[PDB]
Amino acid sequence: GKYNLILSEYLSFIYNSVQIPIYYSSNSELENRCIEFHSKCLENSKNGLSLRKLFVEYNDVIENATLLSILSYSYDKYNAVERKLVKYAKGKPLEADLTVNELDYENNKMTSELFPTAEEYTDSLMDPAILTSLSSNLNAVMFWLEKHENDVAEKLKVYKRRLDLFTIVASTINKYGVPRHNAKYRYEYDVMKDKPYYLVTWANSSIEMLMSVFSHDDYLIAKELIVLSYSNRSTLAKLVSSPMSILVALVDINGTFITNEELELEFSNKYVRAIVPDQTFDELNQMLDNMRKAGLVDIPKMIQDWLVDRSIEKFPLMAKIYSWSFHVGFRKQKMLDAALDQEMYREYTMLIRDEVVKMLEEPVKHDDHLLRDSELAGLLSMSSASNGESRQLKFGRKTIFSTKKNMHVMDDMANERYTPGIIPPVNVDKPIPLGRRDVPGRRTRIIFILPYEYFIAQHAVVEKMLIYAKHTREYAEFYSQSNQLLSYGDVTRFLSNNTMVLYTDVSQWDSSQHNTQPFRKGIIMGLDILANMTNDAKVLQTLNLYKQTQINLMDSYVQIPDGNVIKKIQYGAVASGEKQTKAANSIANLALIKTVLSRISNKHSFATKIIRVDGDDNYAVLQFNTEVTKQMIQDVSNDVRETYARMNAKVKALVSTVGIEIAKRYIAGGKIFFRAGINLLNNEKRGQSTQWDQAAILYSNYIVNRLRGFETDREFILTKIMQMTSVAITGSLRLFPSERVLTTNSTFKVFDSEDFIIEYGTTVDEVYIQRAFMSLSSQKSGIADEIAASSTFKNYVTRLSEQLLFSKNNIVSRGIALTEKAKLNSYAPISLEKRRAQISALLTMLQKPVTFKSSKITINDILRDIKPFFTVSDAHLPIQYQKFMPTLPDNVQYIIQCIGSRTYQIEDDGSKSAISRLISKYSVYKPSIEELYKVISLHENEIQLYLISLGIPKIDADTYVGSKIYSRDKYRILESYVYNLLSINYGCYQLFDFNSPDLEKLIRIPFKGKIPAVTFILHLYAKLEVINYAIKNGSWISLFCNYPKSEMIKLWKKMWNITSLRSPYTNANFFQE
RNA sequence: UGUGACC
Ligand SMILES: Nc1nc2c(ncn2[C@@H]2O[C@H](COP(=O)(O)OP(=O)(O)OP(=O)(O)O)[C@@H](O)[C@H]2O)c(=O)[nH]1
């Protein structure tokens, strides 16, 4: 409940020259008392009278009613920031050392010196691209500095470490003034011409870093990074994190977790000696020297101190630095420079070709329907992203322009222009438009925005490849329902004194031109073999068109902007934008390592315990018939790099016996770590989400970092959410939503009142509001209706339906209509009509919560029903599992030490239900978990129709609608649907073993019937309540259930009429991965 | 309609 209090201290801090608390109640009488109170407050304020008396008079409203929002009548002129900042600007400003960066524009020169004229200006190289101002970030940091002004002991030492760092930011800013943003949170030329180009973005990164400072070590790290980053905008992060790839090979393993035959973590008390050849030490020194040469002093010393003993117990500091390096910001270069960097492959191509065959051999031989109707599959999978060119489009009676793929496909069909039989060229005549990928620390990479003929031609085939990977272990990122803990356990498994692990970053090879030939060629060579495996006209064409995308790309040309011009240059490298990007890259990276290992075997004899490809890295674990020595490592290592060298691949290749470090994860001293470097106050690019959506994403980002090891003060995050979620009524009237409004599980939820704990309404007022917010969840869009009525549109839907099903549609047809009406959301005009409506609705809602005919059931109600039938009692769970993920907070780690962890994802889509598999054997359709949910609950006769309507043959449609399997699917679907509504795969929960024997102990559930659905939810509701109590209290409880039998039948019914909820919080989770 | 692929 502390959010609602912190909110006022904030407004009372920002504004000084009124606040009007607005309450509400599910109880009639009390509500009028709220209504009255509101009035009297406005009136008294409109007379400069003290509200102190009303607060006493309506003491009842302050005590029993629920705080809905807070009115903020502030009369100034968005200044204050200017004023407030001086106090902290006493230090000497920083002076950009314009000699640190290669490309001239990467140096913090004065904006003007980079863009002499307003027409040459572009924020494209510094745009924070976030819907929150620098002005407000500042305000937020001072608000906090004030609140913790009179702190003591250690808390003060945190303030003191921060007070300093913030001076640097303040001093340096004051020297130029505070950059003012516009309605779109953009920094324009007039305001930027004076100040250093990178002023704003650097401010954002520095503030975000200083606010995540606690220990003296944080302070030392923030300080350095904040100072060097004001001048270095291109190698800092790579410099500060490069060492980490060597450090993991130093720490000794004294007990670690491994993967067993049941694919689950299991403790192994073993010892593995870290064996490091001297040469490695030179490499690490050159890296430490390089850091030094760039100004770095403190950070290098820290790694140097740690290097005396190299204890996994003091390693935490090394990982802290590794995660901090990223908070410097994104390296945003110019499209041109980004694109500018770009006989013994016989073995390498042969592998790509064979691997491509293995994945489609069966599918092709058996005339897989997916492959036959590949084109139709491509259409249903189509997104609403860019096609490349902004086309003029006529809908109904409106001529509008769009670049959207979903739009171009419709318009093109309605004019005989739709022709997926012909795969457009991407050469000099039709140059590929470009997109960009920005990341912190690494160089910018370009992206192909190919025409839709390319997606359709690849979609089906790629999906068959991803399936082969799903059950192939070499493909770490696609195998089973596995999470990262499984990959962690696979490495540590064979680690012993007679084996060495070999990790390798191959990100530079994928972009190499030396690669583009063996690649495309290898695939094409495979597609040919596959074609000689069938005679199916459908299969050969879908397979042929795929061959065409590879040939058109062999010699592609690109449209690289160079100011305000678009130069067309011949691109001879494999960029990414295809449907096969990830799959193909995985196939390639794997073929590569297989080639290297095979070559080096001619010298040394080893055993291949495991080979793995995961993203832009690949690794292996080798076993020798003798004990490994520092000299054996050196020899293997040299021969490996040498092998990679003869292939002209600039890659990082290290060899150790204890750890590995790759982009997604790194294993030091038998433990697992995940870089905690998601930026907070700077984004890669601008999307179309709202501020509210961004508030939730910030919090979501806060959570993941926090779990990963980088914690940013929760009071700062909360402050940011107050700013971003506010809504202006006028110029002097700003509305701030209450904790109840922002944390309740509704369509407007932004974060959990308590970290790692998702609450659900357990009071009438909470329920009251919960139902209200839903009343206005989806808003209308005139523009969207118009186009949803246009011929070109209805014909598209209709044409898609007539190709898919045979008998009648409706359930499915109503789906295809909407799925298409939604894709029109990427189209800004529609996106804007929506928001505007949401704001007005939300404006009148936080002013007098409307009514609602409810009649809709949500997971909240189900739980609110159950709650009353459980008896709690103090219990005890000893800690038994050793920590394998060191950075986890303490309250989250405790849970795992008691109940354990898991290495899988709980099926939450229903893809494992027989019906879903049935519909897959005969249809290209893909029903969602929510559609399966409604379908499976229909009358037997109706299900039989749905199946046959989608192409499922009667013998099968009938053999199912009765069988034991059907009755089963019913349970498994609901089970999958519920795990989905509870976010059992996100946040903290994704870590916990919900089937832990230890946890099951604390749940006592006497069966008073035997009706699966009810038994399921009662157990889950208990497991969640028990875990939440532990997350918040550090102790355990036992839950006893005495749920009536007469009640179980009522519940069972509610269960099948649950409604899913959509919200920023919900969408934030999906946005994660 | 300051917008920029696969997922
Ligand atoms: N910062 C600030 N703004 C005020 C104050 N009083 C009124 N405002 C209004 O808030 C605006 C301040 O500039 P903005 O950039 O829009 O700041 P904001 O809209 O309040 O919040 P952000 O967009 O996150 O910065 C002005 O347009 C004023 O109309 C005040 O005391 N401080």
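Hydrogens, waters and symmetry mates are skipped; everything else that's a heavy atom, side chains included, is used. In what follows, every chain begins at residue 1, and chains take the letters A, B, ... in the order their sequences are listed.
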Would you mind classifying the nucleic acid contact of A/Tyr454 as base, sugar-phosphate or nothing, using non-hydrogen atoms under 4.0 angstrom? nothing
Heavy atoms under 4.0 Å, any strand shown: does A/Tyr827 hit a base, just sugar-phosphate, or nothing? base
Could you tell me whether the side chains of A/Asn589 and A/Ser586 share a donor-acceptor contact shorter than 3.5 Å? no
Counting any heavy atom closer than 4.0 Å, what does A/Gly687 reach on the DNA or RNA strands: base, sugar-phosphate only, or nothing? base
Contacts of A/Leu832 and A/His459 projected onto RNA chain B by closest heavy atom; the upstream (5') one is A/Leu832
Just checking A/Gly577: base, sugar-phosphate only, or nothing, at a heavy-atom cut-off of under 4.0 Å? base
Distance-only donor-acceptor check, side chains A/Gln570 and A/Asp555, under 3.5 Å: yes
Under 4.0 Å between any heavy atoms, over every strand shown, what does A/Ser383 touch: base, sugar-phosphate, or nothing? Just pick one. sugar-phosphate
Is a salt bridge present between A/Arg686 and A/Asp127, judged by a nitrogen-to-oxygen distance below 4.0 Å? yes
Nucleotides bounding contact with chain A, strand RNA chain B, heavy-atom threshold 4.0 Å: B/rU1 to B/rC7
Tell me what A/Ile447 touches on the nucleic acid: a base, only sugar-phosphate, or nothing, going by heavy atoms under 4.0 Å. base
Donor on one side chain, acceptor on other, A/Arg442 and A/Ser507, under 3.5 Å: yes
Categorize A/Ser386 for me: base, sugar-phosphate, or nothing, with a 4.0 angstrom heavy-atom threshold over every strand shown. sugar-phosphate
Pick base, sugar-phosphate or nothing for A/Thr403, based on heavy-atom distances below 4.0 Å to the nucleic acid. sugar-phosphate
Using a cut-off of 4.0 Å on non-hydrogen atoms, how would the nucleic acid contact of A/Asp438 be classed: base, sugar-phosphate, or nothing? nothing
Within the 3.5 Å criterion, strictly below it, is a donor on A/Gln688 or A/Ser831 matched to an acceptor on the partner's side chain? no
Over all strands shown, is A/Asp127 touching base, sugar-phosphate only, or nothing at heavy-atom distances under 4.0 angstrom? nothing
Tell me what A/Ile400 touches on the nucleic acid: a base, only sugar-phosphate, or nothing, going by heavy atoms under 4.0 Å. base
When you compare the side chains of A/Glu931 and A/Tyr925, does any donor N or O come within less than 3.5 Å of an acceptor on the partner? yes
Please answer whether the main-chain N or O of A/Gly577 pairs with a side-chain N or O of A/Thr581 as donor and acceptor at a distance below 3.5 Å. yes
Start at the 5' end of RNA chain B and walk down; is the nucleotide closest to A/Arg186 or to A/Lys405 reached first? A/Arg186
